[PDB]
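Naming: A, B, ... by sequence-line order, numbering from 1 per chain.
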Amino acid sequence: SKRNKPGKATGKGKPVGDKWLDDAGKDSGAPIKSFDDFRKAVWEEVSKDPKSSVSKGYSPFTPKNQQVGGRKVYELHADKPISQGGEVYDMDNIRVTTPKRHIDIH
DNA sequence: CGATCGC
DNA sequence: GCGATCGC
Ligand SMILES: [Zn+2]
Ligand SMILES: [Zn+2]
């Protein structure tokens, strides 16, 4: 299982602004030791880049209507799936999504 | 030995 | 380790 076995970061990401999560629950989605540690380290720098969630590392909750049942936070979708070639840590491949947006696509 | 996302 | 949704 790739998502567990370790790797290193690649890809610059893309430039956005203060209203950057609105594009998570839209279409493709918003750009940006284990993926278990990389996700934290993503949202830990979301706190330090100018709330209580991100600061401890967790994913922030979404709007009520972009939630599906017990799925309620932002999700890092891999555009090109890992089983079919996709690089886990391709900062360029990861799309910030919401439970409903993510669900449709798949 | 489900895939794919979260804690 | 564990939890969630979808599954033609
Ligand atoms: Zn996905
Ligand atoms: Zn199962």
Rounded to whole Å, the NZ-P distance (A/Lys40 to B/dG6) equals 14 Å
Winner on side-chain proximity to A/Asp36, out of C/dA4, B/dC7, B/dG6, is B/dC7
Is it true that the NZ or CZ of A/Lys40 lies under 6.0 Å from the centre of A/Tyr58's six-membered ring and within 45 degrees of the ring axis?
yes
Q.
Quick check on B/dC7: is either OP1 or OP2 less than 4.0 Å from any side-chain nitrogen or oxygen of A/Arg39?
A. yes
The furanose of C/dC6, with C1'-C2'-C3'-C4' positive read as north and negative as south, falls south
dist A/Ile82:CD1 -> A/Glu87:CD (nearest 0.5 Å) comes out at 10.5 Å
Re C/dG1: Watson-Crick or G-U wobble partner, both distances kept under 3.5 Å, found to be B/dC7
So, OP1 or OP2 of B/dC5: does either fall under 4.0 Å of a side-chain N or O from A/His77?
yes
Original post:
Roughly how far apart, to the nearest Å, are C/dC8 and B/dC1 at atom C1'?
Top reply: 24 Å
A/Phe35 CZ to B/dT4 P, in whole Å, measures 13 Å
note: A/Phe61, atom CZ; B/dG6, atom P; distance rounded to Å ~ 14 Å
Fill in: Side chain A/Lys80, main chain A/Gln84, donor-acceptor under 3.5 Å
yes
Hey, does the side chain of A/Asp92 reach the backbone of A/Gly11 with a donor-acceptor pair shorter than 3.5 angstrom? no
Mind checking if A/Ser83 touches a base, just sugar-phosphate, or nothing, with heavy atoms under 4.0 Å? sugar-phosphate
Six-ring stack, C/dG7 vs C/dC8, 5.5 Å / 30 deg cutoffs:
no
Rounded to whole Å, CG of A/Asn4 lies from P of B/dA3 at a distance of 13 Å
Checklist entry - Just to confirm, is there a sub-4.0 Å distance from OP1 or OP2 of B/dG6 to any side-chain nitrogen or oxygen of A/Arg3? => result yes
A/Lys2 atom NZ is separated from B/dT4 atom P, nearest whole Å, by 12 Å
Separation of C/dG3 atom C1' from A/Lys72 atom NZ, nearest Å, is 12 Å
Rounding to 0.5 Å, atoms CZ (A/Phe38) and CG (A/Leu76) come to a distance of 7.5 Å
With syn defined as a glycosidic angle within 90 degrees of 0 and anti as anything else, the base of C/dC8 is syn
ask   = On a whole-Å scale, what distance lies between the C1' atoms belonging to B/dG2 and C/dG7?
value = 9 Å
From CD1 of A/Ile103 across to P of C/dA4 the rounded distance in Å is 14 Å
When rounded to whole Å, the CZ to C1' distance for the pair A/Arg101 and B/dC5 reads 15 Å
Regarding the side chain of A/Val68, the nearest nucleotide among B/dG6, C/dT5, B/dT4 is C/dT5
